[PDB]
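Okay, structure first, notes after.
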Amino acid sequence: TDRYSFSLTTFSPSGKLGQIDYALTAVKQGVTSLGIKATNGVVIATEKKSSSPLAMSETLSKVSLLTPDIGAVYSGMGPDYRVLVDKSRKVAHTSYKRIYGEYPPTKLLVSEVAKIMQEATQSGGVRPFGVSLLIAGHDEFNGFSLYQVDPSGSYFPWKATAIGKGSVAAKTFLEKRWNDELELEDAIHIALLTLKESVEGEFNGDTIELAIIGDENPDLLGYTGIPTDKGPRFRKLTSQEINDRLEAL
Amino acid sequence: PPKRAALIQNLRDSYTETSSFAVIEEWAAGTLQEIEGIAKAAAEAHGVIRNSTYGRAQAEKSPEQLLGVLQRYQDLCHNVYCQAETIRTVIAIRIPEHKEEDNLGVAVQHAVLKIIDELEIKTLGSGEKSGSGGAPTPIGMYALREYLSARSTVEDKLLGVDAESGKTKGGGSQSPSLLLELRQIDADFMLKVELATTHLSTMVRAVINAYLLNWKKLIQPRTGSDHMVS
Amino acid sequence: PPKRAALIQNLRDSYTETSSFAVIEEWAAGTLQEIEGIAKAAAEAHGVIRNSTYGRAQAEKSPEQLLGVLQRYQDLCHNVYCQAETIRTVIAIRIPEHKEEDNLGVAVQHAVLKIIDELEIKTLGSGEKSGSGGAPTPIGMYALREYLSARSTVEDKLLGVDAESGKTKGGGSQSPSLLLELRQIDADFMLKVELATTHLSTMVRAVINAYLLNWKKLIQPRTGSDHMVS
Amino acid sequence: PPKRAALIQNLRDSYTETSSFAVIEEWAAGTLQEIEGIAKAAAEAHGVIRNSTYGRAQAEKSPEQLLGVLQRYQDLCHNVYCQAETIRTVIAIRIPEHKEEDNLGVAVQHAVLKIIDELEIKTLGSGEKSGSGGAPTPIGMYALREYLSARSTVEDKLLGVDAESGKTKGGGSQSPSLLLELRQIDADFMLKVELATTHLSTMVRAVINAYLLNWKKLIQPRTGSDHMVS
Amino acid sequence: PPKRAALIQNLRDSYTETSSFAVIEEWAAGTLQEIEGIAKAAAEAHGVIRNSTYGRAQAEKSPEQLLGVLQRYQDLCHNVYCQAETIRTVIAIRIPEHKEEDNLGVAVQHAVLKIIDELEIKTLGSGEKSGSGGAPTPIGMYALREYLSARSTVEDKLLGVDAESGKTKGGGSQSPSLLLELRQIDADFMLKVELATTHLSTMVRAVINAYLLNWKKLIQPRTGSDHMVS
Amino acid sequence: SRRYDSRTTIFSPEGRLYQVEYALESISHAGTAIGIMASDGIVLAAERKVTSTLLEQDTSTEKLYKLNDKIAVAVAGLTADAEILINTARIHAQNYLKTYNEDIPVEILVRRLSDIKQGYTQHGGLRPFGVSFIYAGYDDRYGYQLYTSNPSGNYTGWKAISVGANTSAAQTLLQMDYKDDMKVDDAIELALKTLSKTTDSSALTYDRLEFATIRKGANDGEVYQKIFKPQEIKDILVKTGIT
Amino acid sequence: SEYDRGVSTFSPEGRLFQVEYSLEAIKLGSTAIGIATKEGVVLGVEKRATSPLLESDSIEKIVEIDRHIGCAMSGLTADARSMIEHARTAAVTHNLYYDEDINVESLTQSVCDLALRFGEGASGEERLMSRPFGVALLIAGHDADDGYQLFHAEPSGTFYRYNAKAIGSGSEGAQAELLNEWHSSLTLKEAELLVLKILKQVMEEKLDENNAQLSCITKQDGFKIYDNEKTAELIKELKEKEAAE
Amino acid sequence: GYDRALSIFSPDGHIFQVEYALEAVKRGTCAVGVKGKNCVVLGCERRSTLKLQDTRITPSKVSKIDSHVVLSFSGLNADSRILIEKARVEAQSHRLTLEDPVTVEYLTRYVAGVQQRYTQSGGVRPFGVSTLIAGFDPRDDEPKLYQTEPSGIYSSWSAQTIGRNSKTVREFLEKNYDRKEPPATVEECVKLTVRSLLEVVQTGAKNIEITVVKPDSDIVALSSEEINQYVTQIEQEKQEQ
């Protein structure tokens, strides 16, 4: 071991902050998760693993709604993600919706979140988050989007990608079967066949949590009368909608 | 530096992971059964000498059965030491740029390298000129040499001088103990092969486990990944 | 100090990086094949002695074929040890001002220097007087000397002759084991050349890798760069 | 303490930096060429013995050409060891008051002193009574002594022992190997001078560099400068 | 404890700083010139033996001039070792109460004591039973003893030795090398006195400096001063 | 052992600040970026480092940024450390505009930033910025200007500079062909005519670039700032020496 | 060996070495000497300049605290400037509140209650400054209650009153000599040649009115720092009496 | 060892961290201040070694603090910029609270005040700068020249130098500058400043900056030619003897 990897404030002789990479290790360990950008949609999915079937997994989400046009998932330290989430849904109001009378575009939320991710770094006395998220959404002027966010605070945009244990290859599979055209149903497909090899458990409707960004749901509002207020694009598929698409391979 | 890159490349292509893995498989089946074989070969050979009575007759010839074991043993050590040097050559050429950071894998490399050298020391044996740890190592792979040299010295004492096998002008010493010692030198060197091989089993089984677990880190000591910088 | 600068300059011009790199290329091709050659040269020479029966006749002459190997070996060690001292001379003269800071490169220098000395120790061999680590090193480059000295002592015990009566009979000391030992001394010293060369391959291959990677730091241990101060 | 100041003053005036710098210049030119000279002097002397056939005739006289080299060598070691003690005397007397602070320079002094002693150890050679590191050092500067002692023991087994009465003899040994060993003792001690000098070049070149760089700190280990206090 | 105070007082009055300072002055002038004298005394004595031809005549008598040097040397070592023990006695009795604090001076005491012991080791010499560091120390102060013992063993081989009816000879000797060795034993032990004295100069000059600087702390290891508490 | 590189708050016996030097070392791990002055404009050229088959790169950017409507910068080093600065660098730039009701002069903005980087080098509990910057802009004080700044907090004005990987090479080539008056379309030329030579990839592919320039004249009595699009690149790239 | 690295760490025998080393910092300063007489008090110091281009008066080793109190320091200069500053404010403030002059010891007191502010951690109150000051003070003054007084301030936080005292590199030999010279019936001119004499002695360089500064304070004219011509002839007038006896 | 922190005294009463800071000043380029009796002249050297860069806005090492005071340094470049700024502001705040513009000592004192403040508490590092402050107090005609170190102490000099090879330039000055009679001409006072750097400049006037300051807020930098007009006249009498 070095003598430089135990301080966020410390540069190794080459120029690599340390604690960050080990934090980034807890991520390269977490359960496999992916995201695919379509042409008329975007899909984000991640697997589920049960400590024991005595536990109700249907009371702990892994694909979360930040804004009714953006959802996100992760791979790494469970607990971080849970609150990193609620802090994201707020920095989304106090920092945009409450100043501009509207919700934020994809790009800026991801950056408002990487901003909170940044703090964890620059400062001894705290540890960075052991999580890496894939945030997917869509806003009028930018079409659909796909982004990754690491403890290092940096963030990038993909067309498709995966993070987690079974990523080296899953990220290899996708590379092969992706092209600018895939409609959403195709993506939803290509995803399962990739969330396929990346498992040792099973493939039911519970151990799989997948949601997607697509068309507006004039049903999922709760009211009707205002023309422009049309609906949320984020849809977390239900246990059922799933296994049906599993039968048709 | 396009040529310097070449040299290092050809080096690691000559000794791939496949080369060393083959060595482990051999040790898993073939080489281990052989050692267990040499084990009882000298085990029963030690039982024979225990139920024999030594006379002047046995000082006039070297027991060919024993020379058959110490030889069969020296042969096995020879092979192992070479098969080890193979595994070592596979790692030594994959030790990265000397740094003061990111040596988590390097540590694993040096660790395994040490256990391997500990193995090579056993097989190579003690010798006759010595390493600060002494000769707590059973018997070297030069058993044949040491054996003949030990027995030879006693065959001259028991065994007289001017003359020729019989009753003669040419006698020897009467020490009843010196005769029993010729009997023990045959018994001991047979026991030393039992032990040397029992321990050698353990050592080999260990290295196999140690290799099969850390092999990934042995080939890839460092995993480059600059996701932060850009 | 314009003259003191000169001396240090001429020194490093006499032994440039090109000098040491040439040594590595030689070891990459020529020198390695030679070792692999001496390897089997004594391998088959060991097989021959295994299928032979020794009599008084072989104690009256020294096997010229064996002297051919131990000699061909002593020759190779000689060369390596000199080619190493070349690489060492290239570094030693490039060890910077002794400081308590900025020794990241200096560490690399000392590190490689150590592995090189470990190589020189193997080739130089054990000897007959020694280092706290003992003689776990196969055989020195003075094999010829040690060999003749070992065989010589046995050729006197085995050998001491005269004539008597019509049919022929002989008068050296008896021990049937002492005769077999003359056979083993020829066999062992042939095995010691196999091993010594197998390990010497590994060592050389290691040093080549170790050099090709850290060479930049070996020549430029410190990289001056005062961008902050002005 | 005006007298105590005097003693220390005269000491450092007897051995100034000029004294040690002169030693370095000598090693830069004269002393190095001489070593390179003794190098090939024994190199060709080793080639001669390789192309010669030894008979009883060569056991009745000591080869004067070889005694010329081992002597010419012992002479060089003698000088170096004395020229070193000069450089050491220059430093030892300039080691400051023992403190627990401001030892940045002192460290340099001790460091160089160590490399110098490592040099003196090589020249002084091994000997015959040893230091925990053994005798991995080629040959001492007492080669002459060790050589004659080695050859002498073999010239007795060879030229012999002959006691008289005219009816029986003794011997002028038979072992054919003992004769070849007399040939090797002349060849080896000539090789030992090649190596010992090759390494001795490296060592000297190193000390020159090491000195020319840190010399300022060697003379002025501490630089007083109280600018803060007043 | 008024009596316990007395004992310690008388002790330090018997060996004051004046006692040890006198020893340093002696070494400054007298003792150093003497060593430089013994230096060339054996230097020219070594030149003589180099230009002489040895015959049976020189084996029948011991060169008294050599015995004059090795004796004159043994005498000097004797004195130094005693004058050192004086300086040591001056310090040892002034080592304060064992504490875990305020050992800045104590450190200096132990430091100097160590350099002094290193000096006493050189003069006392190697011996013939040995300290883990070996015998890298030139020649002990028992040169006379070791010398006669070395030459004596060779004078029995060249000369022979007798008893009566048959032939006075008895023991005794071709080997042309054994004769040259008697010549070398006289040359070497003269060289060993050159070196031993050259290094002994350096050592003495060092201890003088080391003493003259830290002497205050050597006598007053702790300086009581309670200005804070009251 | 024991070294004086454990933090920024510590001088080695020789007055070196290692921690700062190591940060200065983190730069040689970044994608090469160039800046070349011209008699009528300034050129900014960079070479995306990060790579993968499925990595969106036609929309978002990574090395070239607009700070002011008259000032641009090339990044090299820690991604996150870069944004933290870039943003404040933008706020300061607007306060000057809001106070003096004029646009902020280049050197002033470069100096303000270098002065923050300086500060993270002198206070405990802080880690210096692992960034380097090539500032290219124009003000009525000194026409076009090219500036550079490192983690140590120092800045300087070049006529043609490079930072990042293989700076030695890139720097060398320039030092050679740069004609002191060289027009713009010759700098954009020399941009690739250098970036090319110092790359690795079998071939220099457009999707692996970022260009931007600053031009002005009598026409628009002011400055036009352009950030080339994937298109214009893949094109002007062929017009030179790529199939 | 291990207990001397914390200013708030007791050694096994109840000692605070960092404080002790603090003092050891003063010995490095050049000598300062104070002698008290029923006529007034005198302060003299060795200047000791590295170069002939320095401007002497640049080295303020003797300064005024107030019209009735002056002093000479020894040790770290930057650390001195801070005490001298506090001291001066202390005096002036007291004046403001009481319309009178601060007692010499009450001033000296406040100077020590300042050094008493070292230590970092937070066990209650708060006194920001890490370690002890590296300097001592010779405070010569005069007040209506106890007349001409002379004090020694140490970073330890305590102080004693002296009849004569010396600090700095030479306080070793200087203090010995003063022990065998001082006597209650010394005139002012007598003490001047004595302070002047002891410096020359345990000083070093040829004693010229450039490397030696001399001052004094009296009820009549307060703190005055002897100009160069005066001191110069006081030196000649001194070095002369050395001829005979 | 005891050289690890600013808040720890070594057994002999030192504080090495501050001392080491000074070792950095020696790293920087050479600066030299020389006063006359109607003026003061500062001089420096240009790190002209690696240039293919601009020229226009190149630092002159010398900076104005007020209309009547200039300051020059040596050492950590970036560190120096903050002291220069802080001293500039203070110089203006003084006029705001006392009408009267600052005195050369009051400024020097303020600066060194800062430098010392950065060696107090830990979690702070001493400026690696050493500086020369020259000028003339308001409505006064006595030339002044002070120097400040990283430790916090300040001093006045008749002439002085800092930076690498300052030991040499200093020797020279010492045996040339007459305490009893300072250069009485701005021209000769320059001449003397130039010839001194001409022992570390490594030939050329392309490596020398000269700034002259006289009374009444009258300051003025020097040009490349003017500077060479002296390298010229001093390269004459040089081999002239």
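Ordering of the structure tokens sets the chain letters (A, B, ...); residue numbers start at 1 within each chain; ligands are numbered from 1 in the order shown.
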Item to check | 7 Å contacts from chain E to chain G using only C-alpha atoms, as a PyMOL selection string | outcome: chain E and resi 101+103+228
Could the residues in this selection be written to a file with N, CA, C and O atoms, as a compact mmCIF listing (two decimals), in the first residue's frame?
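out.txt, freshly written:
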# COMPACT_ATOMS: atom_id res chain seq x y z
N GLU E 101 13.73 11.04 29.80
CA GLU E 101 13.71 12.42 29.33
C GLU E 101 15.06 13.09 29.57
O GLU E 101 15.87 12.60 30.34
N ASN E 103 17.73 13.34 27.65
CA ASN E 103 18.86 12.51 27.28
C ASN E 103 19.59 13.06 26.07
O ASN E 103 20.21 12.31 25.33
N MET E 228 11.25 27.74 35.98
CA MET E 228 9.79 27.77 35.89
C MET E 228 9.13 27.43 37.22
O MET E 228 8.27 28.16 37.72
Next on the checklist: With all C-alpha atoms matched in order and chain C superposed on chain B by least squares, what's the RMSD to one decimal?
Outcome noted: 2.1 Å
Item to check | Contact residues (chain F, partner chain H, 7 Å, only C-alpha atoms) as a PyMOL selection string | outcome: chain F and resi 9-15+118+122-124+153-154+157-160+175
How about saving the chosen residues, C-alpha atoms kept, as a tab-separated table (two decimals), in the first residue's frame?
chain	number	residue	atom	x	y	z
F	9	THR	CA	1.52	23.26	4.38
F	10	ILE	CA	5.11	21.99	4.35
F	11	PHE	CA	8.41	23.19	2.97
F	12	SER	CA	11.10	20.59	2.34
F	13	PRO	CA	14.55	21.52	3.67
F	14	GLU	CA	15.13	23.05	0.24
F	15	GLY	CA	11.94	25.10	0.03
F	118	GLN	CA	-2.65	30.27	-5.51
F	122	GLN	CA	-1.16	28.05	1.20
F	123	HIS	CA	-3.93	26.98	3.55
F	124	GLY	CA	-4.25	23.74	5.46
F	153	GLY	CA	-1.18	29.52	-9.42
F	154	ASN	CA	1.21	31.12	-11.89
F	157	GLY	CA	1.24	34.86	-21.97
F	158	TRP	CA	2.41	32.82	-24.95
F	159	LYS	CA	2.22	33.39	-28.68
F	160	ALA	CA	1.58	29.71	-29.18
F	175	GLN	CA	8.54	26.42	-31.84
Checklist entry - What residues in chain F get the DSSP label alpha helix (DSSP H)? Please answer as a PyMOL selection string. => result chain F and resi 18-26+79-100+106-119+167-177+184-195+230-236+238-241
Checklist entry - Would you list which chain C residues are within 12 Å of chain E using only C-alpha atoms, as a list in words? => result residues 130, 131 and 132 of chain C
Item to check | Two-atom distance - atom CA of residue B:160, atom CA of residue B:142 (Å) | outcome: 28.2 Å
Next on the checklist: For a quick test of understanding: name the residues of chain B lying within 12 Å of chain A when counting only C-alpha atoms, and present them as a list in words.
Outcome noted: residues 99, 100, 101, 102, 103, 104, 105, 106, 107, 108, 223, 224, 225, 226, 227, 228, 229 and 230 of chain B
Item to check | Residues near residue D:182, cut-off 12 Å, only C-alpha atoms, skip fewer than 5 positions along chain, as a PyMOL selection string | outcome: (chain C and resi 144-145+148-149+152) or (chain D and resi 49+53-63+147-148+150-159+175-177+187-189) or (chain E and resi 177)
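Near residue C:19, within 10 Å and counting only C-alpha atoms, sit residues 13, 14, 24, 83, 86, 87, 89 and 90 of chain C, not including residues fewer than 5 positions from it in the same chain.
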As a PDB file with N, CA and C atoms, in the first residue's frame, please: the residues near residue C:92 (cut-off 12 Å, only C-alpha atoms, same-chain neighbours under 4 positions excluded).
ATOM      1  N   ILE C   8      32.996  14.796 -14.344  1.00  0.00           N
ATOM      2  CA  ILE C   8      31.719  14.106 -14.277  1.00  0.00           C
ATOM      3  C   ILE C   8      31.109  13.960 -15.660  1.00  0.00           C
ATOM      4  N   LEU C  11      32.901  11.158 -17.658  1.00  0.00           N
ATOM      5  CA  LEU C  11      32.508   9.888 -17.072  1.00  0.00           C
ATOM      6  C   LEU C  11      31.242   9.347 -17.713  1.00  0.00           C
ATOM      7  N   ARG C  12      30.202  10.174 -17.750  1.00  0.00           N
ATOM      8  CA  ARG C  12      28.915   9.766 -18.305  1.00  0.00           C
ATOM      9  C   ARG C  12      28.885   9.656 -19.819  1.00  0.00           C
ATOM     10  N   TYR C  15      30.195   5.945 -20.609  1.00  0.00           N
ATOM     11  CA  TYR C  15      29.195   4.907 -20.407  1.00  0.00           C
ATOM     12  C   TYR C  15      27.792   5.487 -20.527  1.00  0.00           C
ATOM     13  N   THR C  16      27.305   5.615 -21.757  1.00  0.00           N
ATOM     14  CA  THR C  16      25.975   6.165 -22.008  1.00  0.00           C
ATOM     15  C   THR C  16      24.909   5.089 -21.881  1.00  0.00           C
ATOM     16  N   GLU C  85      28.478  -5.573 -15.013  1.00  0.00           N
ATOM     17  CA  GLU C  85      29.291  -4.473 -14.504  1.00  0.00           C
ATOM     18  C   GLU C  85      29.213  -3.267 -15.427  1.00  0.00           C
ATOM     19  N   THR C  86      28.845  -3.509 -16.680  1.00  0.00           N
ATOM     20  CA  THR C  86      28.719  -2.423 -17.639  1.00  0.00           C
ATOM     21  C   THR C  86      27.458  -1.649 -17.292  1.00  0.00           C
ATOM     22  N   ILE C  87      26.350  -2.374 -17.144  1.00  0.00           N
ATOM     23  CA  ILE C  87      25.078  -1.760 -16.796  1.00  0.00           C
ATOM     24  C   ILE C  87      25.189  -1.044 -15.454  1.00  0.00           C
ATOM     25  N   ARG C  88      25.909  -1.642 -14.515  1.00  0.00           N
ATOM     26  CA  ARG C  88      26.079  -1.030 -13.205  1.00  0.00           C
ATOM     27  C   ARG C  88      26.876   0.244 -13.263  1.00  0.00           C
ATOM     28  N   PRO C  96      22.487  10.924  -8.179  1.00  0.00           N
ATOM     29  CA  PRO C  96      22.497  12.340  -7.808  1.00  0.00           C
ATOM     30  C   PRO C  96      22.988  12.724  -6.419  1.00  0.00           C
ATOM     31  N   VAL C 106      15.759   8.019  -7.429  1.00  0.00           N
ATOM     32  CA  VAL C 106      16.906   7.414  -6.769  1.00  0.00           C
ATOM     33  C   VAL C 106      16.531   6.036  -6.252  1.00  0.00           C
ATOM     34  N   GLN C 109      16.726   3.588  -8.964  1.00  0.00           N
ATOM     35  CA  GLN C 109      18.124   3.274  -9.251  1.00  0.00           C
ATOM     36  C   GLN C 109      18.626   2.206  -8.284  1.00  0.00           C
ATOM     37  N   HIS C 110      18.524   2.482  -6.991  1.00  0.00           N
ATOM     38  CA  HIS C 110      18.984   1.528  -6.000  1.00  0.00           C
ATOM     39  C   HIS C 110      18.298   0.176  -6.142  1.00  0.00           C
ATOM     40  N   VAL C 112      16.984  -1.367  -8.925  1.00  0.00           N
ATOM     41  CA  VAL C 112      17.533  -2.101 -10.048  1.00  0.00           C
ATOM     42  C   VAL C 112      18.958  -2.532  -9.735  1.00  0.00           C
ATOM     43  N   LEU C 113      19.738  -1.642  -9.131  1.00  0.00           N
ATOM     44  CA  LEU C 113      21.108  -1.994  -8.782  1.00  0.00           C
ATOM     45  C   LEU C 113      21.135  -3.255  -7.935  1.00  0.00           C
ATOM     46  N   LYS C 114      20.162  -3.389  -7.047  1.00  0.00           N
ATOM     47  CA  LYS C 114      20.102  -4.551  -6.183  1.00  0.00           C
ATOM     48  C   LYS C 114      19.825  -5.844  -6.944  1.00  0.00           C
ATOM     49  N   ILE C 116      20.500  -6.435  -9.973  1.00  0.00           N
ATOM     50  CA  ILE C 116      21.672  -6.707 -10.790  1.00  0.00           C
ATOM     51  C   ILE C 116      22.742  -7.404  -9.964  1.00  0.00           C
ATOM     52  N   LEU C 218      16.228   5.563 -14.535  1.00  0.00           N
ATOM     53  CA  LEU C 218      17.604   5.181 -14.248  1.00  0.00           C
ATOM     54  C   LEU C 218      18.593   6.240 -14.720  1.00  0.00           C
ATOM     55  N   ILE C 219      18.315   6.860 -15.856  1.00  0.00           N
ATOM     56  CA  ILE C 219      19.200   7.891 -16.383  1.00  0.00           C
ATOM     57  C   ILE C 219      18.851   9.270 -15.815  1.00  0.00           C
ATOM     58  N   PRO C 221      17.112  10.416 -12.763  1.00  0.00           N
ATOM     59  CA  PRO C 221      16.529  10.200 -11.437  1.00  0.00           C
ATOM     60  C   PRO C 221      15.715  11.397 -10.924  1.00  0.00           C
TER      61      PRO C 221
ATOM     62  N   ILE D 115      30.178   4.407   1.299  1.00  0.00           N
ATOM     63  CA  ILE D 115      30.532   3.924  -0.027  1.00  0.00           C
ATOM     64  C   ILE D 115      32.036   3.741  -0.128  1.00  0.00           C
ATOM     65  N   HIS D 199      35.200  -5.124 -11.679  1.00  0.00           N
ATOM     66  CA  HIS D 199      34.331  -4.590 -10.639  1.00  0.00           C
ATOM     67  C   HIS D 199      34.990  -3.397  -9.954  1.00  0.00           C
ATOM     68  N   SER D 201      36.761  -1.261 -11.247  1.00  0.00           N
ATOM     69  CA  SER D 201      36.685  -0.094 -12.120  1.00  0.00           C
ATOM     70  C   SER D 201      35.397   0.622 -11.761  1.00  0.00           C
ATOM     71  N   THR D 202      34.313  -0.147 -11.824  1.00  0.00           N
ATOM     72  CA  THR D 202      32.977   0.326 -11.514  1.00  0.00           C
ATOM     73  C   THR D 202      32.973   1.051 -10.172  1.00  0.00           C
ATOM     74  N   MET D 203      33.446   0.368  -9.142  1.00  0.00           N
ATOM     75  CA  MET D 203      33.489   0.943  -7.809  1.00  0.00           C
ATOM     76  C   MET D 203      34.183   2.300  -7.801  1.00  0.00           C
ATOM     77  N   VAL D 204      35.368   2.374  -8.395  1.00  0.00           N
ATOM     78  CA  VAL D 204      36.126   3.618  -8.435  1.00  0.00           C
ATOM     79  C   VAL D 204      35.394   4.717  -9.180  1.00  0.00           C
ATOM     80  N   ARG D 205      34.806   4.369 -10.321  1.00  0.00           N
ATOM     81  CA  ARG D 205      34.080   5.359 -11.106  1.00  0.00           C
ATOM     82  C   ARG D 205      32.909   5.916 -10.292  1.00  0.00           C
ATOM     83  N   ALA D 206      32.292   5.052  -9.487  1.00  0.00           N
ATOM     84  CA  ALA D 206      31.161   5.447  -8.657  1.00  0.00           C
ATOM     85  C   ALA D 206      31.570   6.460  -7.597  1.00  0.00           C
ATOM     86  N   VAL D 207      32.604   6.124  -6.841  1.00  0.00           N
ATOM     87  CA  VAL D 207      33.108   6.999  -5.797  1.00  0.00           C
ATOM     88  C   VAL D 207      33.526   8.356  -6.343  1.00  0.00           C
ATOM     89  N   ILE D 208      34.021   8.385  -7.571  1.00  0.00           N
ATOM     90  CA  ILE D 208      34.429   9.644  -8.154  1.00  0.00           C
ATOM     91  C   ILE D 208      33.201  10.528  -8.305  1.00  0.00           C
ATOM     92  N   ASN D 209      32.151   9.973  -8.903  1.00  0.00           N
ATOM     93  CA  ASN D 209      30.894  10.701  -9.108  1.00  0.00           C
ATOM     94  C   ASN D 209      30.312  11.159  -7.775  1.00  0.00           C
ATOM     95  N   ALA D 210      30.165  10.204  -6.869  1.00  0.00           N
ATOM     96  CA  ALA D 210      29.630  10.459  -5.544  1.00  0.00           C
ATOM     97  C   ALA D 210      30.368  11.579  -4.826  1.00  0.00           C
TER      98      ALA D 210
END
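Within 7 Å of chain H, chain G contributes the residues residues 5, 18, 21, 22, 24, 25, 53, 54, 55, 58, 77, 78, 129, 130 and 131 of chain G, using only C-alpha atoms.
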Item to check | stretch 32-46 of chain C surroundings by only C-alpha atoms, 10 Å radius, close-in-sequence under 6 positions cut, as a ChimeraX atom specification | outcome: /C:26,65-66,68-70,72-73,76-77,184,186-198,200-202,204-205
Checklist entry - Which neighbours of residue G:70 fall inside 6 Å, counting only C-alpha atoms, when residues of the same chain fewer than 4 positions from it are skipped, and could you give them as a list in words? => result residues 63, 64, 65, 139, 140 and 223 of chain G
Atoms to include: N, CA, C and O atoms. Write the selected residues as a PDB file, in the first residue's frame.
ATOM      1  N   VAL G  63      14.128  49.682  22.939  1.00  0.00           N
ATOM      2  CA  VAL G  63      13.024  50.580  22.559  1.00  0.00           C
ATOM      3  C   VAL G  63      12.263  51.194  23.729  1.00  0.00           C
ATOM      4  O   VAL G  63      12.376  50.740  24.869  1.00  0.00           O
ATOM      5  N   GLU G  64      11.474  52.223  23.422  1.00  0.00           N
ATOM      6  CA  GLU G  64      10.673  52.918  24.418  1.00  0.00           C
ATOM      7  C   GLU G  64       9.275  52.334  24.503  1.00  0.00           C
ATOM      8  O   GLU G  64       8.650  52.030  23.489  1.00  0.00           O
ATOM      9  N   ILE G  65       8.798  52.157  25.723  1.00  0.00           N
ATOM     10  CA  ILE G  65       7.457  51.661  25.940  1.00  0.00           C
ATOM     11  C   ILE G  65       6.642  52.911  26.243  1.00  0.00           C
ATOM     12  O   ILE G  65       5.543  53.089  25.737  1.00  0.00           O
ATOM     13  N   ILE G 139      13.119  45.078  31.060  1.00  0.00           N
ATOM     14  CA  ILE G 139      12.268  46.264  31.188  1.00  0.00           C
ATOM     15  C   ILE G 139      12.776  47.195  32.285  1.00  0.00           C
ATOM     16  O   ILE G 139      12.639  46.905  33.468  1.00  0.00           O
ATOM     17  N   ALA G 140      13.367  48.311  31.880  1.00  0.00           N
ATOM     18  CA  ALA G 140      13.891  49.294  32.821  1.00  0.00           C
ATOM     19  C   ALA G 140      12.927  50.456  32.928  1.00  0.00           C
ATOM     20  O   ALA G 140      12.570  51.051  31.919  1.00  0.00           O
ATOM     21  N   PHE G 223      13.053  57.913  29.306  1.00  0.00           N
ATOM     22  CA  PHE G 223      13.874  57.030  28.497  1.00  0.00           C
ATOM     23  C   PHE G 223      14.573  57.759  27.358  1.00  0.00           C
ATOM     24  O   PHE G 223      13.921  58.342  26.492  1.00  0.00           O
TER      25      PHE G 223
END
Item to check | DSSP-assigned strand (DSSP E or B) among stretch 24-224 of chain A, expressed as an MDAnalysis selection string | outcome: chainID A and resid 33:37 42:47 64:67 70:76 131:139 143:149 155:157 160:163 208:213
Checklist entry - If you measure from atom CA of residue B:125 to atom CA of residue B:84, what distance in Å do you get, rounded to one decimal? => result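 Computing the Euclidean distance for atom CA of residue B:125 and atom CA of residue B:84 yields 14.5 Å.
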